[PDB]
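Have a look at start35.txt below; it lists compact mmCIF, C-alpha atoms and all ligand atoms.
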# COMPACT_ATOMS: atom_id res chain seq x y z
CA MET A 1 58.75 109.69 -30.53
CA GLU A 2 62.04 108.30 -31.81
CA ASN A 3 60.68 105.87 -34.40
CA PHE A 4 58.13 108.42 -35.58
CA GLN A 5 58.35 110.65 -38.64
CA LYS A 6 55.87 113.53 -38.62
CA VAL A 7 53.91 113.85 -41.86
CA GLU A 8 51.69 116.78 -40.92
CA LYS A 9 49.64 118.36 -38.15
CA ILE A 10 46.14 116.87 -38.07
CA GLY A 11 44.69 119.21 -35.50
CA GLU A 12 44.37 120.02 -31.83
CA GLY A 13 42.75 117.80 -29.24
CA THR A 14 41.59 118.61 -25.73
CA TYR A 15 44.97 117.74 -24.21
CA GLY A 16 47.53 118.09 -26.98
CA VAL A 17 48.42 118.49 -30.63
CA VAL A 18 47.86 115.55 -32.96
CA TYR A 19 50.06 114.66 -35.92
CA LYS A 20 49.76 112.09 -38.67
CA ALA A 21 53.05 110.19 -38.46
CA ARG A 22 54.86 107.11 -39.71
CA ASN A 23 56.57 104.47 -37.57
CA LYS A 24 60.21 104.74 -38.68
CA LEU A 25 60.61 101.01 -38.02
CA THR A 26 57.33 99.38 -39.04
CA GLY A 27 56.30 102.00 -41.60
CA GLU A 28 52.93 101.99 -39.84
CA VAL A 29 50.91 105.19 -40.32
CA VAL A 30 49.42 106.52 -37.10
CA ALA A 31 47.87 109.47 -35.30
CA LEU A 32 50.36 110.74 -32.73
CA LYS A 33 49.04 112.82 -29.84
CA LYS A 34 51.65 114.81 -27.93
CA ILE A 35 50.75 116.06 -24.44
CA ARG A 36 53.02 118.54 -22.65
CA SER A 46 51.64 108.22 -12.25
CA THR A 47 47.95 107.46 -11.69
CA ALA A 48 47.09 108.95 -15.07
CA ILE A 49 49.80 106.86 -16.73
CA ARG A 50 48.53 103.60 -15.23
CA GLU A 51 44.94 104.51 -16.10
CA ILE A 52 45.82 105.31 -19.72
CA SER A 53 48.12 102.31 -20.10
CA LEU A 54 45.20 100.07 -19.12
CA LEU A 55 43.33 101.39 -22.15
CA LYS A 56 45.66 99.47 -24.47
CA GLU A 57 43.58 96.37 -23.72
CA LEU A 58 40.20 98.03 -24.38
CA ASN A 59 40.01 96.91 -28.02
CA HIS A 60 36.92 96.95 -30.23
CA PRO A 61 36.20 97.58 -33.96
CA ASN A 62 34.35 100.79 -33.09
CA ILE A 63 36.95 102.22 -30.71
CA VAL A 64 40.06 103.93 -32.07
CA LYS A 65 42.87 101.58 -31.09
CA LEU A 66 45.42 102.96 -28.63
CA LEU A 67 48.60 101.38 -30.01
CA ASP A 68 51.04 102.68 -27.40
CA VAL A 69 51.66 105.10 -24.56
CA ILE A 70 55.07 106.77 -24.44
CA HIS A 71 56.07 108.77 -21.38
CA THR A 72 59.38 110.53 -21.98
CA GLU A 73 60.94 113.95 -21.35
CA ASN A 74 58.01 115.52 -19.47
CA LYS A 75 55.74 114.60 -22.38
CA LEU A 76 53.08 111.96 -22.87
CA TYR A 77 52.74 110.48 -26.34
CA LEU A 78 49.64 108.48 -27.20
CA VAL A 79 49.90 106.47 -30.41
CA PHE A 80 46.56 105.85 -32.12
CA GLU A 81 45.37 103.91 -35.15
CA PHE A 82 44.94 106.55 -37.87
CA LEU A 83 41.56 107.46 -39.34
CA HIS A 84 41.33 109.92 -42.24
CA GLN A 85 38.57 112.21 -40.97
CA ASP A 86 36.26 113.21 -38.13
CA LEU A 87 32.45 113.31 -38.15
CA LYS A 88 32.45 117.09 -37.74
CA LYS A 89 34.01 117.62 -41.17
CA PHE A 90 31.53 115.17 -42.72
CA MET A 91 28.54 116.89 -41.12
CA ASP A 92 29.73 120.28 -42.40
CA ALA A 93 30.30 118.88 -45.89
CA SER A 94 26.76 117.46 -45.79
CA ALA A 95 25.15 120.71 -44.61
CA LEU A 96 23.27 121.30 -47.87
CA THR A 97 22.10 117.76 -48.59
CA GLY A 98 22.30 116.05 -45.21
CA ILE A 99 23.69 112.63 -44.27
CA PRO A 100 21.42 109.90 -45.69
CA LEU A 101 19.26 108.33 -42.97
CA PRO A 102 20.61 104.82 -43.64
CA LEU A 103 24.14 106.07 -42.97
CA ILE A 104 23.02 107.96 -39.87
CA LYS A 105 21.44 104.74 -38.61
CA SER A 106 24.61 102.77 -39.40
CA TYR A 107 26.81 105.25 -37.56
CA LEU A 108 24.51 105.33 -34.51
CA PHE A 109 24.38 101.52 -34.53
CA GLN A 110 28.18 101.26 -34.59
CA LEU A 111 28.73 103.97 -31.98
CA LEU A 112 26.32 102.18 -29.63
CA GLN A 113 28.35 98.99 -30.09
CA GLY A 114 31.47 100.90 -29.09
CA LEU A 115 29.75 102.34 -26.02
CA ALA A 116 28.31 98.95 -25.07
CA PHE A 117 31.80 97.45 -25.14
CA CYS A 118 33.51 100.15 -23.07
CA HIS A 119 30.63 100.40 -20.62
CA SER A 120 30.76 96.62 -20.09
CA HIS A 121 34.30 97.19 -18.78
CA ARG A 122 33.14 100.14 -16.66
CA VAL A 123 34.96 102.67 -18.85
CA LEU A 124 33.19 105.81 -20.00
CA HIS A 125 34.14 108.53 -22.44
CA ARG A 126 32.43 111.55 -20.83
CA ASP A 127 33.18 114.05 -23.60
CA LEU A 128 31.77 112.64 -26.82
CA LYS A 129 31.47 115.15 -29.66
CA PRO A 130 31.69 115.21 -33.48
CA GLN A 131 35.40 116.05 -33.20
CA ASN A 132 36.24 112.71 -31.56
CA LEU A 133 34.06 110.46 -33.72
CA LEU A 134 36.20 109.31 -36.64
CA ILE A 135 35.22 107.73 -39.95
CA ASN A 136 36.88 105.89 -42.85
CA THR A 137 35.91 105.39 -46.51
CA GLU A 138 34.50 101.93 -45.73
CA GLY A 139 31.52 103.17 -43.74
CA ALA A 140 32.94 102.50 -40.30
CA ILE A 141 32.87 105.05 -37.48
CA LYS A 142 34.91 104.85 -34.27
CA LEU A 143 35.07 106.65 -30.93
CA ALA A 144 38.36 108.34 -30.06
CA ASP A 145 39.79 109.47 -26.70
CA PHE A 146 37.74 106.95 -24.76
CA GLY A 147 38.88 106.87 -21.14
CA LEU A 148 41.09 109.96 -21.21
CA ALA A 149 38.57 111.98 -19.18
CA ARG A 150 38.90 109.64 -16.20
CA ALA A 151 42.68 110.03 -16.28
CA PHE A 152 42.98 113.77 -17.01
CA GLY A 153 39.52 115.14 -16.28
CA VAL A 154 37.59 117.37 -18.68
CA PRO A 155 38.93 120.96 -18.54
CA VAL A 156 36.99 124.16 -19.12
CA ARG A 157 39.48 125.08 -21.85
CA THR A 158 41.74 122.90 -24.02
CA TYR A 159 45.53 123.15 -24.04
CA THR A 160 45.18 125.89 -26.69
CA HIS A 161 42.63 127.79 -24.55
CA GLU A 162 39.73 126.80 -26.82
CA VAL A 163 36.42 126.44 -24.99
CA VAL A 164 35.51 122.81 -24.37
CA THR A 165 31.99 122.49 -25.76
CA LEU A 166 29.04 121.97 -23.41
CA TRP A 167 26.62 121.05 -26.21
CA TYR A 168 26.71 117.31 -25.53
CA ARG A 169 26.97 117.44 -21.73
CA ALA A 170 24.44 115.41 -19.74
CA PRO A 171 22.17 117.31 -17.31
CA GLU A 172 23.36 115.43 -14.23
CA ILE A 173 26.88 116.76 -14.88
CA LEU A 174 25.59 120.32 -15.33
CA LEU A 175 23.58 119.99 -12.11
CA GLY A 176 26.67 119.02 -10.12
CA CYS A 177 26.47 115.23 -9.80
CA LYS A 178 29.91 113.99 -8.72
CA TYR A 179 29.46 110.35 -9.65
CA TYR A 180 28.32 110.17 -13.22
CA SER A 181 27.43 106.88 -14.84
CA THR A 182 27.70 105.34 -18.29
CA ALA A 183 24.44 107.16 -19.00
CA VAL A 184 26.39 110.37 -19.61
CA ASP A 185 27.65 108.96 -22.93
CA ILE A 186 24.19 107.86 -24.05
CA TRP A 187 23.02 111.44 -23.57
CA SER A 188 25.89 112.83 -25.65
CA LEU A 189 25.32 110.32 -28.44
CA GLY A 190 21.63 111.17 -28.50
CA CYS A 191 22.49 114.84 -29.00
CA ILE A 192 24.86 113.89 -31.81
CA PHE A 193 22.16 111.67 -33.35
CA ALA A 194 19.74 114.61 -33.41
CA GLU A 195 22.40 116.86 -34.91
CA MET A 196 23.10 114.46 -37.78
CA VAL A 197 19.38 114.27 -38.53
CA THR A 198 18.48 117.98 -38.39
CA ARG A 199 21.85 119.38 -39.50
CA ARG A 200 21.94 121.66 -36.47
CA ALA A 201 23.14 121.23 -32.89
CA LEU A 202 20.31 120.22 -30.57
CA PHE A 203 21.41 122.25 -27.53
CA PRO A 204 24.12 124.76 -28.58
CA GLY A 205 24.66 126.34 -25.16
CA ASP A 206 27.36 128.96 -24.60
CA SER A 207 27.57 128.73 -20.80
CA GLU A 208 26.51 126.13 -18.26
CA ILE A 209 23.23 127.89 -17.47
CA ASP A 210 22.50 128.53 -21.16
CA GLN A 211 23.14 124.84 -21.81
CA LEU A 212 20.85 123.82 -18.96
CA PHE A 213 18.06 126.19 -19.98
CA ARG A 214 18.21 125.11 -23.62
CA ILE A 215 17.74 121.53 -22.43
CA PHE A 216 14.88 122.62 -20.16
CA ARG A 217 13.09 124.57 -22.90
CA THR A 218 12.97 121.53 -25.17
CA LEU A 219 12.57 118.64 -22.74
CA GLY A 220 10.78 120.58 -20.02
CA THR A 221 12.20 121.73 -16.69
CA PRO A 222 12.89 118.56 -14.67
CA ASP A 223 11.12 117.93 -11.37
CA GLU A 224 10.76 115.12 -8.84
CA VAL A 225 8.09 113.48 -11.01
CA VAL A 226 10.41 112.63 -13.90
CA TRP A 227 13.70 112.71 -11.98
CA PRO A 228 13.61 111.64 -8.31
CA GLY A 229 16.19 113.56 -6.33
CA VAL A 230 16.79 116.26 -8.94
CA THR A 231 15.78 119.11 -6.62
CA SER A 232 18.50 118.05 -4.17
CA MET A 233 21.36 118.16 -6.67
CA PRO A 234 24.27 120.55 -5.89
CA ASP A 235 23.57 123.09 -8.63
CA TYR A 236 19.79 122.78 -8.78
CA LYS A 237 17.95 126.02 -7.98
CA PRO A 238 14.23 126.27 -7.13
CA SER A 239 14.29 129.53 -9.12
CA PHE A 240 14.86 127.71 -12.43
CA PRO A 241 12.13 128.80 -14.87
CA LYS A 242 9.50 126.12 -15.47
CA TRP A 243 9.22 125.30 -19.17
CA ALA A 244 6.84 122.77 -20.71
CA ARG A 245 8.16 119.80 -22.69
CA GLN A 246 7.98 119.99 -26.50
CA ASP A 247 6.82 117.18 -28.79
CA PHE A 248 9.77 115.38 -30.37
CA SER A 249 7.90 115.55 -33.67
CA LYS A 250 9.04 119.18 -33.66
CA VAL A 251 12.53 118.50 -32.30
CA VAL A 252 13.86 116.12 -34.95
CA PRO A 253 11.73 116.04 -38.08
CA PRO A 254 11.63 114.11 -40.37
CA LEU A 255 12.88 111.26 -38.17
CA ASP A 256 10.36 108.39 -38.06
CA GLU A 257 8.63 107.13 -34.90
CA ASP A 258 11.18 104.39 -34.22
CA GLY A 259 13.93 106.99 -34.32
CA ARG A 260 12.03 109.48 -32.17
CA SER A 261 11.25 106.72 -29.68
CA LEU A 262 14.93 105.80 -29.38
CA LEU A 263 16.11 109.41 -29.15
CA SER A 264 13.56 110.16 -26.43
CA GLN A 265 14.86 107.26 -24.34
CA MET A 266 18.46 108.39 -24.91
CA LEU A 267 17.46 111.82 -23.58
CA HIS A 268 15.57 110.75 -20.45
CA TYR A 269 16.49 113.07 -17.56
CA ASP A 270 16.87 110.32 -14.97
CA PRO A 271 20.23 108.56 -15.61
CA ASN A 272 18.47 105.45 -14.29
CA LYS A 273 15.68 105.62 -16.85
CA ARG A 274 18.00 106.54 -19.72
CA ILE A 275 18.35 103.60 -22.11
CA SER A 276 21.62 101.64 -22.01
CA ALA A 277 23.77 101.15 -25.10
CA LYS A 278 22.95 97.43 -25.01
CA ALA A 279 19.20 98.03 -24.81
CA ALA A 280 19.46 100.65 -27.55
CA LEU A 281 21.10 98.13 -29.89
CA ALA A 282 17.98 95.98 -29.56
CA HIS A 283 15.62 98.87 -30.33
CA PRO A 284 13.27 98.49 -33.35
CA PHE A 285 14.98 101.45 -35.04
CA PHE A 286 17.82 99.08 -36.00
CA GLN A 287 15.75 96.40 -37.55
CA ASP A 288 16.65 97.39 -41.00
CA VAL A 289 20.15 98.70 -40.24
CA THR A 290 22.68 98.36 -43.05
CA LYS A 291 26.27 99.47 -43.66
CA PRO A 292 26.36 102.05 -46.50
CA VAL A 293 29.61 103.36 -48.00
CA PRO A 294 29.80 107.13 -47.30
CA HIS A 295 30.05 109.66 -50.10
CA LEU A 296 32.82 111.89 -48.66
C1 LIG B 301 40.85 122.57 -38.56
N1 LIG B 301 40.88 121.18 -39.08
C2 LIG B 301 42.19 120.89 -39.73
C3 LIG B 301 40.48 120.20 -38.01
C4 LIG B 301 39.89 118.84 -38.48
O1 LIG B 301 39.69 118.85 -39.89
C5 LIG B 301 40.74 117.60 -38.07
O2 LIG B 301 40.53 116.46 -38.95
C6 LIG B 301 40.95 115.17 -38.62
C7 LIG B 301 41.62 114.35 -39.58
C8 LIG B 301 42.05 113.05 -39.23
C9 LIG B 301 41.83 112.54 -37.91
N2 LIG B 301 42.24 111.22 -37.45
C10 LIG B 301 42.51 110.65 -36.15
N3 LIG B 301 42.87 109.36 -36.11
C11 LIG B 301 43.10 108.82 -34.88
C12 LIG B 301 42.98 109.60 -33.67
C13 LIG B 301 42.60 110.96 -33.86
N4 LIG B 301 42.44 111.84 -32.74
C14 LIG B 301 42.07 113.25 -32.68
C15 LIG B 301 42.62 114.19 -33.59
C16 LIG B 301 42.26 115.54 -33.53
CL1 LIG B 301 42.97 116.64 -34.69
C17 LIG B 301 41.34 115.99 -32.57
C18 LIG B 301 40.77 115.07 -31.65
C19 LIG B 301 41.14 113.70 -31.71
CL2 LIG B 301 40.40 112.60 -30.56
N5 LIG B 301 42.37 111.43 -35.09
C20 LIG B 301 41.15 113.37 -36.96
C21 LIG B 301 40.72 114.66 -37.31
Let me see the structure of the file written as structure tokens.
Ligand SMILES: CN(C)C[C@@H](O)COc1ccc(Nc2nccc(Nc3cc(Cl)ccc3Cl)n2)cc1
Amino acid sequence: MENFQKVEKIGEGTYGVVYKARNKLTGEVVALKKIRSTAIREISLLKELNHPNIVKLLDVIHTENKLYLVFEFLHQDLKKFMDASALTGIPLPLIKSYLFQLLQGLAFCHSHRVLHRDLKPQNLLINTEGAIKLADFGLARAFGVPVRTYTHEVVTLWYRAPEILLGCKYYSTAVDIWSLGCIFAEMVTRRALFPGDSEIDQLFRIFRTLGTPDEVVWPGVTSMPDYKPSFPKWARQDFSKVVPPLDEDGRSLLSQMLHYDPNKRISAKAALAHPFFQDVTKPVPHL
């Protein structure tokens, strides 16, 4: 915080404000997150979790009852890009490139047993080169995911996996695959897949599209903490209706990313080998 000159406020994260700043000694431009022992060790360990598709955590500065996290700076988030592309839509080749890169980032972190747990358009960052990176990876394990952010904003439930909503205490890396699948669908259709406004609304929106889960598709689901036998029983919808005009390879992949059973849900590694990526390229984004 000493060798940092604030340039401007970038926005507000889940835990603290984020500024674009310059290292007063190295001139390095960074994203500085300001948050007002176990958490410190946990976060400090993230400095070694480096990958091209993960926003680099340069440093962790604990001083004066404040925690500063210094990140590599990216010029924009995916949310802004999706909104700017609302009328025309993000070209499929670019959507495929982004999904491909995000899966590489997940595969890396998951190989080290680190999960994100709260993936959303606001923490997926992009540059003018065509790269996309995941930000805030690992912070959920250290701080937890609150109901409201430090500014009292509601933490979105739109990308939350069903096992979390049903009360599972030990989530797995599968929770991130679910979130990414929801984001994938959103990029394709230009509308959130499951825009719930409460935990039950979120759960029922999922149920209405994918069908109410039962022991057939998800062994043990009826014994989960928040599962209720009184849940309405909705029939599953054809994905052809859920994400048109995505082709069959894309629908196949999305379906596997949205499997109810965390055990059946495709892994990031397996997803990277899916036929959908056979013709993947790296386009330069227009905006
Ligand atoms: C209302 N409006 C100003 C909000 C958006 O446009 C905000 O646009 C931007 C513009 C640039 C960057 N770069 C960036 N680079 C590195 C880390 C990082 N972390 C981060 C930052 C915020 Cl703010 C929220 C959540 C996270 Cl995980 N952000 C991020 C968002």
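Between ligand LIG 301 (chain B) and the candidates A:85, A:264, A:23, A:74, the tightest atom-to-atom separation, counting all atoms listed in the file, involves A:85.
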Quick one: residues within 9 Å of residue A:268, all atoms listed in the file counted, chain neighbours fewer than 3 positions away excluded, as a PyMOL selection string? chain A and resi 187+219+226-227+263-265+271-275
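One distance worth recording is that between atom CA of residue A:119 and atom CA of residue A:184, which is 10.9 Å.
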Students should find that atom CA of residue A:186 and atom CA of residue A:283 are spaced 13.9 Å
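Take atom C19 of ligand LIG 301 (chain B) and atom CA of residue A:266: the distance between them is 24.3 Å.
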Can you tell me which residues surround stretch 244-258 of chain A at a distance of at most 8 Å, considering all atoms listed in the file, apart from same-chain residues fewer than 3 positions away, and format the answer as a list in words? residues 194, 197, 198, 216, 217, 218, 219, 220, 221, 261, 262, 264, 284 and 285 of chain A
Take stretch 2-26 of chain A, model N, CA and C atoms, and hand the result over as a PDB file, in the frame of the given file.
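Result file follows (result_22.pdb):
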ATOM      1  N   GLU A   2      60.793 108.523 -31.099  1.00  0.00           N
ATOM      2  CA  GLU A   2      62.040 108.300 -31.810  1.00  0.00           C
ATOM      3  C   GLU A   2      61.783 107.656 -33.171  1.00  0.00           C
ATOM      4  N   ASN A   3      61.005 106.577 -33.170  1.00  0.00           N
ATOM      5  CA  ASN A   3      60.680 105.870 -34.400  1.00  0.00           C
ATOM      6  C   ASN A   3      59.432 106.447 -35.051  1.00  0.00           C
ATOM      7  N   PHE A   4      59.287 107.766 -34.986  1.00  0.00           N
ATOM      8  CA  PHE A   4      58.130 108.420 -35.580  1.00  0.00           C
ATOM      9  C   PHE A   4      58.511 109.621 -36.435  1.00  0.00           C
ATOM     10  N   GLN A   5      58.086 109.578 -37.692  1.00  0.00           N
ATOM     11  CA  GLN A   5      58.350 110.650 -38.640  1.00  0.00           C
ATOM     12  C   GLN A   5      57.049 111.425 -38.836  1.00  0.00           C
ATOM     13  N   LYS A   6      57.055 112.703 -38.475  1.00  0.00           N
ATOM     14  CA  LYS A   6      55.870 113.530 -38.620  1.00  0.00           C
ATOM     15  C   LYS A   6      55.574 113.800 -40.095  1.00  0.00           C
ATOM     16  N   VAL A   7      54.318 113.613 -40.487  1.00  0.00           N
ATOM     17  CA  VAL A   7      53.910 113.850 -41.860  1.00  0.00           C
ATOM     18  C   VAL A   7      53.249 115.216 -41.944  1.00  0.00           C
ATOM     19  N   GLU A   8      52.385 115.503 -40.974  1.00  0.00           N
ATOM     20  CA  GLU A   8      51.690 116.780 -40.920  1.00  0.00           C
ATOM     21  C   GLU A   8      50.859 116.900 -39.652  1.00  0.00           C
ATOM     22  N   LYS A   9      50.461 118.124 -39.330  1.00  0.00           N
ATOM     23  CA  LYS A   9      49.640 118.360 -38.150  1.00  0.00           C
ATOM     24  C   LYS A   9      48.197 118.078 -38.559  1.00  0.00           C
ATOM     25  N   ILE A  10      47.529 117.222 -37.796  1.00  0.00           N
ATOM     26  CA  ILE A  10      46.140 116.870 -38.070  1.00  0.00           C
ATOM     27  C   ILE A  10      45.189 117.852 -37.417  1.00  0.00           C
ATOM     28  N   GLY A  11      45.535 118.275 -36.208  1.00  0.00           N
ATOM     29  CA  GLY A  11      44.690 119.210 -35.500  1.00  0.00           C
ATOM     30  C   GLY A  11      45.069 119.325 -34.041  1.00  0.00           C
ATOM     31  N   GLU A  12      44.138 119.828 -33.245  1.00  0.00           N
ATOM     32  CA  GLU A  12      44.370 120.020 -31.830  1.00  0.00           C
ATOM     33  C   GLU A  12      43.286 119.337 -31.017  1.00  0.00           C
ATOM     34  N   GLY A  13      43.705 118.486 -30.088  1.00  0.00           N
ATOM     35  CA  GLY A  13      42.750 117.800 -29.240  1.00  0.00           C
ATOM     36  C   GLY A  13      42.515 118.591 -27.976  1.00  0.00           C
ATOM     37  N   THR A  14      41.874 117.962 -27.000  1.00  0.00           N
ATOM     38  CA  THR A  14      41.590 118.610 -25.730  1.00  0.00           C
ATOM     39  C   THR A  14      42.866 118.778 -24.904  1.00  0.00           C
ATOM     40  N   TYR A  15      43.735 117.775 -24.991  1.00  0.00           N
ATOM     41  CA  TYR A  15      44.970 117.740 -24.210  1.00  0.00           C
ATOM     42  C   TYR A  15      46.262 118.061 -24.940  1.00  0.00           C
ATOM     43  N   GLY A  16      46.310 117.803 -26.241  1.00  0.00           N
ATOM     44  CA  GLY A  16      47.530 118.090 -26.980  1.00  0.00           C
ATOM     45  C   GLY A  16      47.362 118.066 -28.477  1.00  0.00           C
ATOM     46  N   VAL A  17      48.419 118.460 -29.176  1.00  0.00           N
ATOM     47  CA  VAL A  17      48.420 118.490 -30.630  1.00  0.00           C
ATOM     48  C   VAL A  17      48.443 117.060 -31.165  1.00  0.00           C
ATOM     49  N   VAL A  18      47.879 116.867 -32.351  1.00  0.00           N
ATOM     50  CA  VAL A  18      47.860 115.550 -32.960  1.00  0.00           C
ATOM     51  C   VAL A  18      48.458 115.614 -34.360  1.00  0.00           C
ATOM     52  N   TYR A  19      49.398 114.716 -34.626  1.00  0.00           N
ATOM     53  CA  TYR A  19      50.060 114.660 -35.920  1.00  0.00           C
ATOM     54  C   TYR A  19      49.800 113.332 -36.603  1.00  0.00           C
ATOM     55  N   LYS A  20      49.873 113.334 -37.928  1.00  0.00           N
ATOM     56  CA  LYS A  20      49.760 112.090 -38.670  1.00  0.00           C
ATOM     57  C   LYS A  20      51.252 111.769 -38.742  1.00  0.00           C
ATOM     58  N   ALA A  21      51.635 110.540 -38.428  1.00  0.00           N
ATOM     59  CA  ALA A  21      53.050 110.190 -38.460  1.00  0.00           C
ATOM     60  C   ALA A  21      53.267 108.774 -38.952  1.00  0.00           C
ATOM     61  N   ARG A  22      54.522 108.444 -39.232  1.00  0.00           N
ATOM     62  CA  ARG A  22      54.860 107.110 -39.710  1.00  0.00           C
ATOM     63  C   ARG A  22      55.908 106.468 -38.809  1.00  0.00           C
ATOM     64  N   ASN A  23      55.655 105.223 -38.420  1.00  0.00           N
ATOM     65  CA  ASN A  23      56.570 104.470 -37.570  1.00  0.00           C
ATOM     66  C   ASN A  23      57.851 104.196 -38.355  1.00  0.00           C
ATOM     67  N   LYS A  24      58.927 104.895 -38.002  1.00  0.00           N
ATOM     68  CA  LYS A  24      60.210 104.740 -38.680  1.00  0.00           C
ATOM     69  C   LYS A  24      60.741 103.315 -38.761  1.00  0.00           C
ATOM     70  N   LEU A  25      60.149 102.400 -38.001  1.00  0.00           N
ATOM     71  CA  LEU A  25      60.610 101.010 -38.020  1.00  0.00           C
ATOM     72  C   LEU A  25      59.636 100.055 -38.692  1.00  0.00           C
ATOM     73  N   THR A  26      58.342 100.250 -38.457  1.00  0.00           N
ATOM     74  CA  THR A  26      57.330  99.380 -39.040  1.00  0.00           C
ATOM     75  C   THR A  26      56.614 100.028 -40.230  1.00  0.00           C
TER      76      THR A  26
END
